[PDB]
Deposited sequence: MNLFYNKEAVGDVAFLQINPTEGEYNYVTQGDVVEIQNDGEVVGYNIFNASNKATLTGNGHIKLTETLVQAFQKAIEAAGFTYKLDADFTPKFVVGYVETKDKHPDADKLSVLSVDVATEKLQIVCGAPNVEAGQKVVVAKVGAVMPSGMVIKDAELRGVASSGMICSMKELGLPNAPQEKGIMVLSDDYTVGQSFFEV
């Protein structure tokens, strides 16, 4: 399974994610695309001669590649629709309020304005404070360490996203200061942190 931990950043909480049992795989083939599914849900695709269906010349998914594949599976007759939400998941947010977690003690529940909406995320970073601009890994974001941010819940209260630190953003070497990263007012709430 997977394990995420970060004392000074989020808190002295370990997060174990487990992949559940998987049934036998089924393969529905049509033309050059084979739809593979486990149970009733589709769990993947094997599209052949992909080179003549998409520009594939460390291949990383892009809104345009997904479009190409979507176009191909559709041309094959399948109706399933690939996740095509390429909205930035790492964004600049503003910490409106910070309050004590009702029953955690070293954790705070924050209300972070992220422009498109306001997120309630639980954070244990000792350096976080209201009035700060920070980068939040919204639900869906994929952490360098592997973990995928989900609509979690920390000891009772819901948490939708994570306040990032240098490490979280991908910094190779461990920084002297390990709390979360505080951006200058220069940054704009709602804007993507990455280009």
In deposited-sequence numbering, the unmodelled segments run 58-60, 199
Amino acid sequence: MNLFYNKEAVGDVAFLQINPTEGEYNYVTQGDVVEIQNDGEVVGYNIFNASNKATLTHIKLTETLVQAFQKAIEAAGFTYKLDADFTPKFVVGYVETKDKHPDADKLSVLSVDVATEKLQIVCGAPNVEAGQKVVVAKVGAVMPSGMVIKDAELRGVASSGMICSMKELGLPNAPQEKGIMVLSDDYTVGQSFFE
From here on, numbers count along this sequence of modelled residues.
Quick note on 13-21 and 177-185: per-entry mean CA temperature factor is higher in 13-21
Higher of the two mean Cα B-factors (39-47, 140-148; per PDB record) comes from 140-148
Which of these, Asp105, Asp99, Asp113, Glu74, has its C-alpha atom at the highest B-factor, as the entry lists it? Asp105
Top residue by Cα temperature factor, when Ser160, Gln30, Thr57, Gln67 are compared in the entry: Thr57
Chain third (lowest, middle, highest) by recorded CA B-factor, residue given as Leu154: middle
Sorting the chain's modelled residues by C-alpha B-factor, tell me whether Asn127 ends up in the lowest, middle or highest third. lowest
Could you look up the Cα B-factor of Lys53 in the entry and say which third of the chain it sits in: lowest, middle or highest? middle
